[PDB]
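Participant: Got a structure for you, questions after.
What is reported rests on the model, the rules as stated and the sources as named; none is laboratory data. Virtual Cβ from ideal backbone geometry, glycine too; neighbours counted across all protein chains shown.
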Amino acid sequence: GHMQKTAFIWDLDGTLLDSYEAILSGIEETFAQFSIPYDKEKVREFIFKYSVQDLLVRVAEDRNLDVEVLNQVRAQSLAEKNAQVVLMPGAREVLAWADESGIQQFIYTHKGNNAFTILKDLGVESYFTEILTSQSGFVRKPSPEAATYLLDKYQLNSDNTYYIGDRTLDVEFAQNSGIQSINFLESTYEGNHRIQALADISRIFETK
């Protein structure tokens, strides 16, 4: 219950967008053009370990093709048309809890002004009081500038703010500013709370 002044930051890549389908379906069409078997399970794993770019290499090189052709074959794809970007089916638990709790949630990414539309569309523009983008102009990484921006904008607290971003780079800028993070992985910071889901975000603040 309770929830003192807590502020929250989400990303816009893969923490709360599961658009990986609408990407990945493009490469299924690439594997098919070379008579390569494609298994979503083998792909979703490898794209989390390595790049797209690496995978096309790691098939062509094995299969007696050339990734130089595969590069072009990955452009002449249909699933970039016949697909769309979801609202990460499960986070509306946390979204609701935090907003009832009055936790000012925000977003930071490099995405374009189309970002704001995606949230409006999918139903969750309210849930992030303010959202930053490519237009914001901030430094690359670590970028504590973007933290201080959101703090001063509504007179929020560094120590009482928490960035959820799924990466070791969640602690770097966080530490440079003096704010906390919540990630699925360990890193060598004191404001770094491991999780496995999204519903563990509430359990942190419910003493578990």
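Participant: When residues of region 1-42 are filtered for being hydrophobic (A, V, I, L, M, F, W, C), more than 27 Å from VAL57 (Cβ to Cβ) and surrounded by 19 or more Cβ atoms within 10 Å (Cβ to Cβ), how many remain?
Facilitator: Residues flagged as hydrophobic (A, V, I, L, M, F, W, C), more than 27 Å from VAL57 (Cβ to Cβ) and surrounded by 19 or more Cβ atoms within 10 Å (Cβ to Cβ) within region 1-42 amount to 6.
Participant: Using beta carbons and a limit of 8 Å, which pairs, at least six apart or on different chains, have the first residue in region 194-208 and over 15 Å from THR15 (Cβ atoms) and assigned by CATH to the domain that holds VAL94 and the second one β-branched (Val, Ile, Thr) and in a loop (DSSP other than H, G, I, E, B)?
Facilitator: Taking only residues 6 or more apart or on different chains, the pairs are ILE204/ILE195; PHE205/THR6.
Participant: When region 139-182 is examined, which residues are found to be of a type in the set (A, V, I, L, M, F, W, C), more than 13 Å from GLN105 (Cα to Cα) and either assigned to a helix (DSSP H, G or I) or without any contact (Cβ under 8 Å) to a residue 12 or more places away in the chain (or both)? Talk me through it step by step, then tell me what you get.
Facilitator: Of the residues in region 139-182, the ones of a type in the set (A, V, I, L, M, F, W, C) are 139, 146-147, 150-151, 156, 164, 169, 171, 173-174, 179, 182.
The next check asks that each one be more than 13 Å from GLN105 (Cα to Cα); those that pass are 139, 146, 169, 171, 173-174, 179, 182.
Result: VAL139, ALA146, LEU169, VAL171, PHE173, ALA174.
Participant: Would you pick out the residues in region 1-37 that are out of contact with any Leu (no Cβ under 9 Å at 6 or more places or on another chain), more than 30 Å from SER126 (Cα to Cα) and assigned to a loop (DSSP other than H, G, I, E, B)?
Facilitator: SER35, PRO37
Participant: Same structure again: Any chance you could count how many residues in region 128-138 are assigned to a loop (DSSP other than H, G, I, E, B), touching a strand residue (DSSP E or B) at 6+ places or on another chain (Cβ under 8 Å) and not β-branched (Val, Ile, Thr)? Steps first, answer last, please.
Facilitator: The initial filter retains those residues of region 128-138 that are assigned to a loop (DSSP other than H, G, I, E, B), namely 128-129, 132-133, 137-138.
Subset that is touching a strand residue (DSSP E or B) at 6+ places or on another chain (Cβ under 8 Å): 128-129, 132.
Within this subset, residues satisfying the condition of being not β-branched (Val, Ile, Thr) are 128, 132.
Summing the residues that are assigned to a loop (DSSP other than H, G, I, E, B), touching a strand residue (DSSP E or B) at 6+ places or on another chain (Cβ under 8 Å) and not β-branched (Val, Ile, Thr) in region 128-138 gives 2.
Participant: Can you tell which of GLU93, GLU125, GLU61 is touching a residue at least 40 places away in the same chain (Cβ under 8 Å) and acidic (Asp, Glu)? Step through it out loud before you land on a result.
Facilitator: Working: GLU125 fails: touching a residue at least 40 places away in the same chain (Cβ under 8 Å); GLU61 fails: touching a residue at least 40 places away in the same chain (Cβ under 8 Å).
The match here is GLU93.
Participant: Follow-up question, since we're still on this one. Which of (1) surrounded by fewer than 16 Cβ atoms within 10 Å (Cβ to Cβ); (2) farther than 26 Å from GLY1 by Cα is the odd one out, the single condition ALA199 does not satisfy?
Facilitator: (2)
Participant: Just checking, which of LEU78, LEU56, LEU65, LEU95 is in the same structural domain as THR148 (by CATH) and either closer than 30 Å to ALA199 by Cα or in contact with a helix residue (DSSP H, G or I) (Cβ under 8 Å, 6 or more places away or on another chain) (or both)? Spell out the reasoning first.
Facilitator: Numbers: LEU78 fails: in the same structural domain as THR148 (by CATH); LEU56 fails: in the same structural domain as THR148 (by CATH); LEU65 fails: in the same structural domain as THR148 (by CATH).
Checking each option against the conditions leaves just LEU95.
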